[PDB]
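Novice: Supplied in structure tokens, the structure appears directly below.
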2 protein chains.
Amino acid sequence: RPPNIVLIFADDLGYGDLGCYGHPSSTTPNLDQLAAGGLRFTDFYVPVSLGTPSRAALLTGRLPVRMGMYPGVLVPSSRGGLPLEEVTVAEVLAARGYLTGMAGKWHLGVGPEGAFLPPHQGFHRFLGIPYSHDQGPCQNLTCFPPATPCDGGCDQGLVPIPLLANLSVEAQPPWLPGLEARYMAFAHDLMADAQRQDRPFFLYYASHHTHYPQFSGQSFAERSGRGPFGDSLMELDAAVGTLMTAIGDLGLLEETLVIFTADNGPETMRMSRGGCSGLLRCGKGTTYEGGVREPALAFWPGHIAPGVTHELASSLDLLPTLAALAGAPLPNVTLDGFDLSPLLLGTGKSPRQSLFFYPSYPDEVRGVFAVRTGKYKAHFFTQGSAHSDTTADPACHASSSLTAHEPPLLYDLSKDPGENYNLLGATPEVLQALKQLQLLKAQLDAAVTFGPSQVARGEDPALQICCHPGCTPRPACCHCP
Amino acid sequence: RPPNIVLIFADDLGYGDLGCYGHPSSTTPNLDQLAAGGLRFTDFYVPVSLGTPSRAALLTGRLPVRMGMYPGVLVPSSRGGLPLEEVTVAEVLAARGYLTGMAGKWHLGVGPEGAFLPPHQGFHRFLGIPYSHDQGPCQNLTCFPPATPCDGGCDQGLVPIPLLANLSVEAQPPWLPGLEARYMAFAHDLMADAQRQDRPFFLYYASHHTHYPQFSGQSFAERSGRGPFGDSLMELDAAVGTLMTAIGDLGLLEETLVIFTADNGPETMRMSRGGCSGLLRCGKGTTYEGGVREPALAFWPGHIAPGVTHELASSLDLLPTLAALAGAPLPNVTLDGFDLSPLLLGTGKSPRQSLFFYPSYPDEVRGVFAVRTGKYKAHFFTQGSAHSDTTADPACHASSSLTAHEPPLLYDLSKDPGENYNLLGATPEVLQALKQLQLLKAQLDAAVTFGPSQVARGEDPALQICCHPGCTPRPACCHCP
Ligand SMILES: *[C@H]1O[C@H](CO)[C@@H](O[C@@H]2O[C@H](CO)[C@@H](O)[C@H](O)[C@H]2NC(C)=O)[C@H](O)[C@H]1NC(C)=O
Ligand SMILES: *[C@H]1O[C@H](CO)[C@@H](O[C@@H]2O[C@H](CO)[C@@H](O)[C@H](O)[C@H]2NC(C)=O)[C@H](O)[C@H]1NC(C)=O
Ligand SMILES: [Mg+2]
Ligand SMILES: [Mg+2]
């Protein structure tokens with residue numbers, strides 16, 4: 001009965017990059033066709049616009065500050081990770097008899113002997129990199145075949161990037177141009193095996209596209225009309241087409257729910273090798289709309305009618321929506337998301353009315369930075385980010401320091417999705433929204449306790465993964481292509 | 001044999017406003033469905049981003065400086081207008097036996113006894129306003145029924161706005177909320193009458209949406225989810241649906257070519273009551289992409305296959321493309337556009353490789369401001385505009401004075417459609433494009449002679465249209481609702 005679920009999650013992909021979201025030069029045919037036969041969201045969000053906190057909110061349905069996933073992101077030597085008491089979507093579904101698998105980027109911790117890796121958090125199978133593909137030296141890696149080097153060199157002084165098969169190093173570093181093929185092969189096996197055992201599968205595909213540095217296989221190099229950022233987006237798009245064909249071939253089209261979203265806004269610091277937030281303001285690292293609002297598509301033939309919704313939805317609602325769909329019971333913890341099945345099935349409206357946004361570096365004195373309720377969004381604090389540097393808007397830059405706003409900056413997103421015109425710079429409708437927004441912020445700030453910081457547990461270079469354990473000299477000896 | 005042609009031309013509508021171009025809250029179902037069954041252009045342009053010069057380029061296929069359509073726009077007391085020796089598309093088709101008609105905004109001149117009005121430039125029928133609907137006092141007009149006044153008051157000290165039937169005042173001022181119905185009725189009659197006489201029709205629908213001040217009939221007031229700008233865009237969209245139904249009802253779907261575009265970018269000076277250029281920079285009044293690049297759709301069942309093109313196209317190419325399609329010979333003058341039928345019919349590529357952009361206020365010493373060839377665009381001079389004021393980008397503002405750039409600012413629009421990263425801030429590909437761009441500008445500037453300025457012929461208040469001729473006191477006595 002339960003449907004097969006495929007969750008595709010891109011990296012550093014903006015609201016404005018898909019062809020079907022208006023980009024003028026992107027090449028995204030498979031995703032455009034998924035949009036045309038399914039539900040496209042205009043108002044779907046993540047609560048925090050950084051890699052780690054966003055992946056944690058997705059898998060647990062819980063605001064990242066509750067389990068210490070702040071500040072910033074995790075690094076290869078981090079001691080901390082997503083606590084093992086947290087229940088993930090993979091576990092909710094595993095206990096209901098799903099065969100669960102994950103391909104790609106984890107970024108939720110490695111820890112002493114890989115205690116925080118995926119196999120310990122409900123995934124039966126796992127093929128991927130445990131953090132971002134730029135958190136290790138890349139001046140000698142090939143990003144585009146036959147021999148175009150990755151640009152800029154990535155993070156120095158670390159072990160090369162490891163490709164893992166569950167808990168074992170399969171390659172270090174992997175060959176970037178062939179990663180996609182590896183991941184499609186893995187996905188195909190997971191599907192077929194689940195079919196054979198008469199059980200539903202759950203595929204978590206956490207792509208490295210479109211994070212820096214850009215790369216692709218040889219079928220896409222110089223073929224998109226948007227340079228390296230495009231080639232890489234085009235490969236991600238072809239991966240979606242490949243998964244849809246594999247779902248075709250096995251006669252599972254009407255029994256599989258396919259969801260596509262992305263973790264956080266574009267890193268405009270990469271300039272034309274980085275994403276695009278379209279009409280929205282600023283990008284990764286900020287609580288402006290270009291940082292937190294992402295593309296989101298839902299496709300399930302004969303169940304989800306083709307259309308466009310403007311209803312409020314969050315990555316936080318994915319656990320409870322998927323549980324409900326699979327007839328799995330919810331964990332016994334406070335959750336911050338809701339079941340969106342009525343909306344998906346067209347029998348009801350989204351139950352979500354409000355959204356809460358935390359910054360990259362949160363603190364308990366300040367609390368939530370921005371809150372949206374209906375079409376209104378208030379900003380109590382504003383701050384630019386180096387990840388959103390280089391565009392013409394000065395509020396996006398790292399030089400825009402942390403600034404308090406009281407009364408808050410107040411925008412009507414139905415008319416000013418670009419956050420250009422502060423309404424408080426009077427009306428009874430506005431005043432009532434203002435008072436609601438202020439009370440929602442004070443209620444959440446008083447009820448939420450911050451879990452102890454995982455990131456502040458520190459770093460220990462002995463925690464880096466090494467293909468040749470015991471090796472010397474570290475870290476350059478750790479390798480095995 | 002010749003197909004029936006319907007040309008829909010919007011006013012002050014941005015690249016980012018249609019639902020099918022990515023807007024998150026616009027309501028444009030009929031246009032989205034036309035896009036889904038026809039050709040959508042990502043790179044279609046006008047040469048000058050102001051009302052008058054743009055309408056002149058559209059109807060003649062000639063750069064506006066050749067016949068003196070500069071500087072700025074025409075006003076109700078202007079003595080000048082589009083010269084009668086110019087040949088328009090309506091004339092090209094009339095001489096081939098088309099029954100031609102125009103509904104809406106003209107803005108190409110009135111003159112002594114209406115010598116410059118449409119009936120003198122090849123249109124058989126004409127129902128509309130001879131200039132923009134804000135060039136006359138509007139503090140007492142109703143913009144939205146039952147009694148919501150137009151915001152801000154419009155231009156003062158002038159005659160109220162006249163609605164004309166050929167050369168006669170039908171109302172002054174008209175009732176804004178019922179204008180659409182008038183225009184649809186007129187369009188329906190034109191179609192039917194042409195059918196009855198066994199002849200092809202040419203409908204030129206120059207909408208007032210989405211120019212300030214916004215207005216609509218009662219079916220759309222407060223129904224879009226984007227306020228007044230949305231309500232007005234929603235009515236324009238319903239007008240398109242109505243014309244498509246009328247084409248249905250008469251069995252002419254496969255014999256009619258329908259084209260939709262807009263004259264110039266958004267007036268962001270109206271803030272949330274103005275348009276949106278999406279990812280593009282700046283708006284009306286500038287030579288940045290948000291000023292000159294517009295939405296553009298072509299629909300003709302069983303002739304134009306549904307798709308998306310990135311090929312170069314201009315409003316300048318419409319005359320020669322429509323002539324060719326109707327088997328009508330081209331006027332004997334130098335034209336600046338090309339026939340795009342191969343592209344439309346999918347048997348060839350666009351013949352256009354370059355585009356030339358003039359500012360609102362051009363001069364013969366400076367010449368062309370910006371030139372695009374392939375994916376490269378050079379800016380030799382840059383300037384902001386009060387029509388593009390109020391956004392966060394400072395280059396769009398009226399305080400950004402006229403600035404020369406030598407060497408020019410150079411952008412690769414396939415990767416940086418947002419014009420953020422100057423390539424000259426080295427490569428052999430870049431250097432060759434640079435030299436090409438410089439030579440194209442110098443060739444055009446040396447070959448083009450500016451026609452004598454029509455706008456500089458001055459104003460004469462006796463040229464204002466008056467419903468009660470001889471009247472006193474002018475101009476308030478001129479009226480007849
Ligand atoms: C690591 O672990 C999983 C299982 O723990 C490995 O896979 C299994 O895959 C083969 C066929 O592909 C089956 O015969 C077994 O029954 C599978 N076990 C389960 C529980 O599914 C796999 O080699 C590794 N993960 C991957 C795909 O890298
Ligand atoms: C002004 O002029 C046109 C014609 O010059 C008027 O219309 C004609 O319309 C009626 C039916 O609608 C026909 O009987 C005539 O044959 C038409 N003439 C032509 C040349 O088409 C019309 O009333 C006015 N224009 C509009 C529609 O306002
Ligand atoms: Mg990310
Ligand atoms: Mg205009």
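Here's how to read the names in the structure tokens: chain A, B, ... by the order shown, residue numbers from 1 in each chain, ligand numbers from 1 in the order shown.
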Residues within 10 Å of ligand 3, counting only C-alpha atoms and all ligand atoms: report them as JSON, numbers by chain.
Specialist: {"A": [9, 10, 11, 12, 13, 49, 50, 51, 52, 53, 54, 55, 73, 105, 107, 132, 207, 208, 209, 210, 211, 212, 262, 263, 264, 265, 266, 267, 284, 285]}
Novice: Can you check which residues of chain B have any atom within 10 Å of chain A? Use only C-alpha atoms and format it as a PDB file with C-alpha atoms, in the first residue's frame.
Specialist:
ATOM      1  CA  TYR B  15      10.253  40.297 -17.889  1.00  0.00           C
ATOM      2  CA  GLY B  16       9.448  38.832 -14.469  1.00  0.00           C
ATOM      3  CA  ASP B  17       5.670  39.510 -14.196  1.00  0.00           C
ATOM      4  CA  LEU B  18       4.004  36.625 -16.065  1.00  0.00           C
ATOM      5  CA  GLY B  19       3.341  33.419 -14.069  1.00  0.00           C
ATOM      6  CA  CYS B  20       5.144  31.507 -16.841  1.00  0.00           C
ATOM      7  CA  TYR B  21       8.237  33.742 -16.451  1.00  0.00           C
ATOM      8  CA  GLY B  22       8.468  32.860 -12.749  1.00  0.00           C
ATOM      9  CA  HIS B  23       6.426  35.351 -10.767  1.00  0.00           C
ATOM     10  CA  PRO B  24       5.322  33.865  -7.481  1.00  0.00           C
ATOM     11  CA  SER B  25       2.024  35.692  -7.030  1.00  0.00           C
ATOM     12  CA  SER B  26       0.809  36.936 -10.446  1.00  0.00           C
ATOM     13  CA  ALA B  36       2.371  26.050 -22.915  1.00  0.00           C
ATOM     14  CA  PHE B  41      11.119  33.707 -26.192  1.00  0.00           C
ATOM     15  CA  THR B  42      13.787  34.204 -23.458  1.00  0.00           C
ATOM     16  CA  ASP B  43      15.786  36.825 -25.398  1.00  0.00           C
ATOM     17  CA  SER B 224      -5.587  38.518  -7.965  1.00  0.00           C
ATOM     18  CA  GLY B 225      -3.223  37.709  -5.084  1.00  0.00           C
ATOM     19  CA  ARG B 226      -0.908  40.697  -5.962  1.00  0.00           C
ATOM     20  CA  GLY B 227      -2.997  43.816  -5.180  1.00  0.00           C
ATOM     21  CA  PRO B 228      -3.789  46.531  -7.758  1.00  0.00           C
ATOM     22  CA  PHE B 229      -0.884  45.727 -10.099  1.00  0.00           C
ATOM     23  CA  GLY B 230      -2.069  42.120 -10.084  1.00  0.00           C
ATOM     24  CA  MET B 271       6.934  50.509  -6.111  1.00  0.00           C
ATOM     25  CA  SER B 272       4.509  47.627  -5.399  1.00  0.00           C
ATOM     26  CA  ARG B 273       1.975  49.129  -7.867  1.00  0.00           C
ATOM     27  CA  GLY B 274       4.601  48.705 -10.596  1.00  0.00           C
ATOM     28  CA  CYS B 276       9.005  43.356 -11.921  1.00  0.00           C
ATOM     29  CA  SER B 277      12.050  42.640 -14.122  1.00  0.00           C
ATOM     30  CA  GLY B 278      12.747  39.285 -12.317  1.00  0.00           C
ATOM     31  CA  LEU B 279      16.496  38.523 -12.369  1.00  0.00           C
ATOM     32  CA  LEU B 280      17.228  41.369 -14.782  1.00  0.00           C
ATOM     33  CA  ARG B 281      18.609  44.696 -13.686  1.00  0.00           C
ATOM     34  CA  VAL B 308      11.273  27.709 -25.780  1.00  0.00           C
ATOM     35  CA  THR B 309      13.767  29.635 -27.968  1.00  0.00           C
ATOM     36  CA  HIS B 310      16.855  31.580 -26.822  1.00  0.00           C
ATOM     37  CA  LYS B 375      25.945  36.311 -25.823  1.00  0.00           C
ATOM     38  CA  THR B 390      13.273  53.090  -5.548  1.00  0.00           C
ATOM     39  CA  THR B 391      15.017  49.695  -5.806  1.00  0.00           C
ATOM     40  CA  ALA B 392      18.116  48.705  -3.861  1.00  0.00           C
ATOM     41  CA  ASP B 393      20.430  48.846  -6.891  1.00  0.00           C
ATOM     42  CA  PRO B 394      21.948  52.328  -7.052  1.00  0.00           C
ATOM     43  CA  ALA B 395      22.795  52.200 -10.761  1.00  0.00           C
ATOM     44  CA  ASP B 412      28.314  37.576 -20.922  1.00  0.00           C
ATOM     45  CA  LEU B 413      24.517  37.335 -20.765  1.00  0.00           C
ATOM     46  CA  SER B 414      24.366  33.505 -21.068  1.00  0.00           C
ATOM     47  CA  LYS B 415      26.065  33.248 -17.654  1.00  0.00           C
ATOM     48  CA  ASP B 416      25.348  36.710 -16.127  1.00  0.00           C
ATOM     49  CA  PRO B 417      21.911  37.816 -17.423  1.00  0.00           C
ATOM     50  CA  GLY B 418      21.864  40.161 -14.310  1.00  0.00           C
ATOM     51  CA  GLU B 419      24.747  42.312 -15.692  1.00  0.00           C
ATOM     52  CA  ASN B 420      26.736  42.026 -12.464  1.00  0.00           C
ATOM     53  CA  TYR B 421      30.296  41.055 -13.591  1.00  0.00           C
TER      54      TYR B 421
END
Novice: To one decimal in Å, tell me the separation between atom CA of residue 455 of chain A and atom CA of residue 70 of chain A.
Specialist: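 Computed distance, atom CA of residue 455 of chain A to atom CA of residue 70 of chain A, equals 6.1 Å.
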Novice: Kindly indicate which residue among B:382, B:261, B:156, B:245 lies nearest to ligand 4, using only C-alpha atoms and all ligand atoms for the distances.
Specialist: B:261
Novice: I'd like the neighbourhood of segment 340-354 of chain B as an MDAnalysis selection string, where a residue qualifies if any of its atoms comes within 9 Å (using only C-alpha atoms), though same-chain residues fewer than 5 positions away should be ignored.
Specialist: chainID B and resid 39 298 303:305 309 311:314 317:318 320:322 324:325 371:374 440
Novice: Mind dumping the selected residues with N, CA and C atoms as a compact mmCIF listing (two decimals), in the first residue's frame?
Specialist:
# COMPACT_ATOMS: atom_id res chain seq x y z
N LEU B 39 5.35 29.13 -28.74
CA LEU B 39 6.73 29.49 -28.58
C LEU B 39 6.95 30.63 -27.57
N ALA B 298 4.44 33.38 -29.07
CA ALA B 298 3.90 33.24 -30.43
C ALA B 298 3.07 31.96 -30.43
N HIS B 303 1.20 25.01 -36.69
CA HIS B 303 2.17 25.73 -37.49
C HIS B 303 3.45 26.03 -36.68
N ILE B 304 3.23 26.44 -35.43
CA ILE B 304 4.30 26.78 -34.49
C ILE B 304 4.28 25.71 -33.40
N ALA B 305 5.36 24.92 -33.34
CA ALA B 305 5.35 23.87 -32.30
C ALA B 305 5.67 24.46 -30.93
N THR B 309 12.64 29.28 -27.15
CA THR B 309 13.77 29.63 -27.97
C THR B 309 14.61 30.63 -27.11
N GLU B 311 16.93 32.14 -29.19
CA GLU B 311 17.42 32.98 -30.31
C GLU B 311 17.04 34.45 -30.22
N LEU B 312 17.88 35.28 -30.82
CA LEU B 312 17.74 36.72 -30.77
C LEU B 312 16.57 37.16 -31.67
N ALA B 313 15.77 38.01 -31.06
CA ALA B 313 14.60 38.57 -31.75
C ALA B 313 14.27 39.96 -31.20
N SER B 314 13.72 40.82 -32.04
CA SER B 314 13.36 42.18 -31.70
C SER B 314 11.98 42.60 -32.21
N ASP B 317 11.68 43.26 -35.83
CA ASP B 317 11.54 42.21 -36.82
C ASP B 317 10.06 41.91 -37.11
N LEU B 318 9.11 42.44 -36.33
CA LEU B 318 7.71 42.10 -36.57
C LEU B 318 7.17 42.51 -37.94
N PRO B 320 8.68 42.90 -41.09
CA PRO B 320 9.19 41.95 -42.09
C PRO B 320 8.73 40.52 -41.87
N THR B 321 8.56 40.04 -40.65
CA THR B 321 8.06 38.70 -40.40
C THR B 321 6.60 38.56 -40.81
N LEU B 322 5.81 39.62 -40.54
CA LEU B 322 4.37 39.54 -40.85
C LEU B 322 4.16 39.73 -42.35
N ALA B 324 6.23 38.83 -44.89
CA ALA B 324 6.55 37.51 -45.40
C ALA B 324 5.44 36.50 -45.19
N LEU B 325 4.88 36.40 -43.99
CA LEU B 325 3.79 35.48 -43.68
C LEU B 325 2.52 35.72 -44.50
N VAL B 371 25.34 47.67 -27.20
CA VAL B 371 25.23 46.75 -28.33
C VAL B 371 25.36 45.29 -27.86
N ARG B 372 24.54 44.36 -28.34
CA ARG B 372 24.66 42.95 -27.98
C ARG B 372 24.95 42.16 -29.28
N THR B 373 25.92 41.26 -29.23
CA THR B 373 26.20 40.38 -30.39
C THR B 373 26.46 38.98 -29.80
N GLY B 374 25.69 37.99 -30.20
CA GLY B 374 25.77 36.66 -29.62
C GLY B 374 25.43 36.78 -28.14
N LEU B 440 30.97 47.39 -34.63
CA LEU B 440 29.53 47.46 -34.92
C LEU B 440 28.97 48.82 -34.46
Novice: Neighbouring residues of ligand 2 are defined here as those with any atom at most 8 Å from a ligand atom, counting only C-alpha atoms and all ligand atoms; list them as a list in words.
Specialist: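 Every residue with an atom at most 8 Å from ligand 2 is listed here: residues 99, 100, 101, 124, 125, 126, 127, 164, 165, 166, 167, 186, 189, 190 and 193 of chain B.
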Novice: Might you pull out every residue within 9 Å of residue 153 of chain A, with only C-alpha atoms counted and same-chain residues fewer than 4 positions away left off, and present them as a PDB file with N, CA and C atoms, in the first residue's frame?
Specialist:
ATOM      1  N   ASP A 134      33.880  20.308  -1.237  1.00  0.00           N
ATOM      2  CA  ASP A 134      34.880  21.334  -1.314  1.00  0.00           C
ATOM      3  C   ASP A 134      35.543  21.369   0.055  1.00  0.00           C
ATOM      4  N   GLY A 136      37.986  19.850   1.306  1.00  0.00           N
ATOM      5  CA  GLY A 136      39.229  19.124   1.137  1.00  0.00           C
ATOM      6  C   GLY A 136      39.902  19.713  -0.103  1.00  0.00           C
ATOM      7  N   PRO A 137      41.215  19.586  -0.270  1.00  0.00           N
ATOM      8  CA  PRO A 137      41.949  20.215  -1.354  1.00  0.00           C
ATOM      9  C   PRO A 137      41.544  19.740  -2.726  1.00  0.00           C
ATOM     10  N   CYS A 138      41.413  20.699  -3.682  1.00  0.00           N
ATOM     11  CA  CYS A 138      40.912  20.272  -4.985  1.00  0.00           C
ATOM     12  C   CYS A 138      41.724  20.869  -6.090  1.00  0.00           C
ATOM     13  N   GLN A 139      42.848  21.542  -5.824  1.00  0.00           N
ATOM     14  CA  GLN A 139      43.657  22.077  -6.927  1.00  0.00           C
ATOM     15  C   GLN A 139      44.142  21.008  -7.894  1.00  0.00           C
ATOM     16  N   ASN A 140      44.202  19.735  -7.502  1.00  0.00           N
ATOM     17  CA  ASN A 140      44.624  18.698  -8.436  1.00  0.00           C
ATOM     18  C   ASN A 140      43.440  17.876  -8.928  1.00  0.00           C
ATOM     19  N   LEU A 141      42.210  18.084  -8.437  1.00  0.00           N
ATOM     20  CA  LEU A 141      41.087  17.312  -8.978  1.00  0.00           C
ATOM     21  C   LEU A 141      40.628  17.877 -10.320  1.00  0.00           C
ATOM     22  N   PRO A 213      33.059  23.391  -5.844  1.00  0.00           N
ATOM     23  CA  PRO A 213      33.297  23.819  -7.195  1.00  0.00           C
ATOM     24  C   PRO A 213      32.406  23.018  -8.139  1.00  0.00           C
TER      25      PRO A 213
END
Novice: Please extract the residues of segment 91-247 of chain B with a backbone DSSP assignment of strand (DSSP E or B) and present them as an mmCIF file with N, CA, C and O atoms, in the first residue's frame.
Specialist:
data_model
loop_
_atom_site.group_PDB
_atom_site.id
_atom_site.type_symbol
_atom_site.label_atom_id
_atom_site.label_comp_id
_atom_site.auth_asym_id
_atom_site.auth_seq_id
_atom_site.Cartn_x
_atom_site.Cartn_y
_atom_site.Cartn_z
ATOM 1 N N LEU B 99 -8.401 43.323 -43.508
ATOM 2 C CA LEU B 99 -9.264 44.274 -42.808
ATOM 3 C C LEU B 99 -8.515 44.590 -41.488
ATOM 4 O O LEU B 99 -8.357 43.701 -40.638
ATOM 5 N N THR B 100 -7.984 45.797 -41.320
ATOM 6 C CA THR B 100 -7.178 46.134 -40.158
ATOM 7 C C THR B 100 -7.842 46.939 -39.057
ATOM 8 O O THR B 100 -8.483 47.938 -39.360
ATOM 9 N N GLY B 101 -7.602 46.575 -37.788
ATOM 10 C CA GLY B 101 -8.148 47.313 -36.662
ATOM 11 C C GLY B 101 -7.210 47.442 -35.458
ATOM 12 O O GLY B 101 -6.354 46.602 -35.208
ATOM 13 N N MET B 102 -7.390 48.504 -34.671
ATOM 14 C CA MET B 102 -6.627 48.782 -33.472
ATOM 15 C C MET B 102 -7.507 49.211 -32.308
ATOM 16 O O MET B 102 -8.337 50.114 -32.450
ATOM 17 N N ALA B 103 -7.331 48.581 -31.163
ATOM 18 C CA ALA B 103 -7.952 48.933 -29.893
ATOM 19 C C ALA B 103 -6.854 49.391 -28.924
ATOM 20 O O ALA B 103 -5.762 48.785 -28.935
ATOM 21 N N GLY B 104 -7.072 50.420 -28.111
ATOM 22 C CA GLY B 104 -6.128 50.877 -27.114
ATOM 23 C C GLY B 104 -5.277 52.098 -27.357
ATOM 24 O O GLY B 104 -5.515 53.009 -28.157
ATOM 25 N N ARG B 125 -10.422 50.479 -38.668
ATOM 26 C CA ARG B 125 -11.179 50.712 -37.452
ATOM 27 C C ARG B 125 -10.201 51.080 -36.322
ATOM 28 O O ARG B 125 -9.063 50.591 -36.272
ATOM 29 N N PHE B 126 -10.644 51.914 -35.391
ATOM 30 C CA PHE B 126 -9.869 52.350 -34.250
ATOM 31 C C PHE B 126 -10.753 52.782 -33.086
ATOM 32 O O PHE B 126 -11.483 53.768 -33.191
ATOM 33 N N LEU B 127 -10.627 52.095 -31.961
ATOM 34 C CA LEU B 127 -11.279 52.448 -30.715
ATOM 35 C C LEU B 127 -10.234 52.589 -29.590
ATOM 36 O O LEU B 127 -9.756 51.535 -29.124
ATOM 37 N N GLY B 128 -9.847 53.792 -29.162
ATOM 38 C CA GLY B 128 -8.918 53.878 -28.038
ATOM 39 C C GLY B 128 -8.488 55.270 -27.631
ATOM 40 O O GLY B 128 -8.965 56.303 -28.111
ATOM 41 N N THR B 142 -12.552 56.851 -11.136
ATOM 42 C CA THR B 142 -12.668 55.611 -10.400
ATOM 43 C C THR B 142 -11.724 54.612 -11.082
ATOM 44 O O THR B 142 -11.796 54.455 -12.306
ATOM 45 N N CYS B 143 -10.844 53.989 -10.285
ATOM 46 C CA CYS B 143 -9.911 53.050 -10.959
ATOM 47 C C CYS B 143 -10.445 51.651 -10.781
ATOM 48 O O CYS B 143 -10.326 50.826 -11.688
ATOM 49 N N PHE B 144 -11.054 51.347 -9.642
ATOM 50 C CA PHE B 144 -11.646 50.086 -9.262
ATOM 51 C C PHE B 144 -13.059 50.287 -8.683
ATOM 52 O O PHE B 144 -13.284 51.039 -7.725
ATOM 53 N N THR B 148 -13.465 53.066 -5.889
ATOM 54 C CA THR B 148 -12.071 53.317 -5.477
ATOM 55 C C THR B 148 -11.406 54.262 -6.475
ATOM 56 O O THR B 148 -11.251 53.992 -7.677
ATOM 57 N N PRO B 149 -11.017 55.448 -6.013
ATOM 58 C CA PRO B 149 -10.367 56.430 -6.857
ATOM 59 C C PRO B 149 -8.990 55.994 -7.381
ATOM 60 O O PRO B 149 -8.303 55.269 -6.669
ATOM 61 N N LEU B 163 -11.468 58.964 -25.122
ATOM 62 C CA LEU B 163 -11.691 57.679 -25.764
ATOM 63 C C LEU B 163 -12.253 58.018 -27.159
ATOM 64 O O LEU B 163 -13.288 58.704 -27.214
ATOM 65 N N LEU B 164 -11.552 57.670 -28.222
ATOM 66 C CA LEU B 164 -11.925 57.941 -29.579
ATOM 67 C C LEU B 164 -12.391 56.722 -30.381
ATOM 68 O O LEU B 164 -12.003 55.581 -30.199
ATOM 69 N N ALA B 165 -13.310 57.004 -31.306
ATOM 70 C CA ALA B 165 -13.833 56.045 -32.289
ATOM 71 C C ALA B 165 -13.368 56.709 -33.592
ATOM 72 O O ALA B 165 -13.798 57.819 -33.918
ATOM 73 N N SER B 168 -13.458 60.616 -33.805
ATOM 74 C CA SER B 168 -14.430 61.304 -32.964
ATOM 75 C C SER B 168 -14.380 60.937 -31.488
ATOM 76 O O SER B 168 -14.306 59.748 -31.170
ATOM 77 N N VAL B 169 -14.512 61.922 -30.603
ATOM 78 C CA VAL B 169 -14.572 61.656 -29.179
ATOM 79 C C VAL B 169 -15.816 60.870 -28.773
ATOM 80 O O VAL B 169 -16.911 61.455 -28.720
ATOM 81 N N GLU B 170 -15.665 59.619 -28.373
ATOM 82 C CA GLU B 170 -16.783 58.827 -27.879
ATOM 83 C C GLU B 170 -17.092 59.076 -26.410
ATOM 84 O O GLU B 170 -18.215 58.778 -25.956
ATOM 85 N N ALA B 171 -16.160 59.575 -25.610
ATOM 86 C CA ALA B 171 -16.357 59.806 -24.177
ATOM 87 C C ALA B 171 -15.119 60.560 -23.660
ATOM 88 O O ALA B 171 -14.073 60.458 -24.314
ATOM 89 N N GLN B 172 -15.260 61.345 -22.606
ATOM 90 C CA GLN B 172 -14.145 62.141 -22.117
ATOM 91 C C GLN B 172 -14.470 62.686 -20.732
ATOM 92 O O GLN B 172 -15.114 63.710 -20.586
ATOM 93 N N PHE B 201 -8.070 39.127 -41.078
ATOM 94 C CA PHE B 201 -8.026 40.341 -40.251
ATOM 95 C C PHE B 201 -6.661 40.521 -39.563
ATOM 96 O O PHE B 201 -5.896 39.585 -39.388
ATOM 97 N N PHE B 202 -6.343 41.739 -39.152
ATOM 98 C CA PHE B 202 -5.163 42.134 -38.412
ATOM 99 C C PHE B 202 -5.627 42.961 -37.200
ATOM 100 O O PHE B 202 -5.995 44.122 -37.417
ATOM 101 N N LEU B 203 -5.633 42.384 -36.005
ATOM 102 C CA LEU B 203 -6.019 43.101 -34.796
ATOM 103 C C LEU B 203 -4.822 43.584 -33.968
ATOM 104 O O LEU B 203 -4.042 42.759 -33.461
ATOM 105 N N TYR B 204 -4.639 44.886 -33.789
ATOM 106 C CA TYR B 204 -3.581 45.495 -32.999
ATOM 107 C C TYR B 204 -4.165 45.927 -31.651
ATOM 108 O O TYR B 204 -4.822 46.966 -31.542
ATOM 109 N N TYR B 205 -4.011 45.088 -30.638
ATOM 110 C CA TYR B 205 -4.534 45.365 -29.309
ATOM 111 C C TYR B 205 -3.473 45.951 -28.362
ATOM 112 O O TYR B 205 -2.721 45.233 -27.711
ATOM 113 N N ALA B 206 -3.386 47.273 -28.258
ATOM 114 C CA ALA B 206 -2.432 48.001 -27.424
ATOM 115 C C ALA B 206 -3.000 48.322 -26.051
ATOM 116 O O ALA B 206 -3.580 49.386 -25.789
#
Novice: Could you please determine the separation between atom CA of residue 337 of chain B and atom CA of residue 315 of chain B in Å, to one decimal place?
Specialist: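 Result for atom CA of residue 337 of chain B versus atom CA of residue 315 of chain B: 8.1 Å, one decimal.
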Novice: Write out as a PyMOL selection string each polymer residue whose atoms come within 12 Å of residue 301 of chain B, counting only C-alpha atoms; drop sequence neighbours fewer than 5 positions from it.
Specialist: chain B and resi 3+34-39+244+247-248+252-258+306+344-345
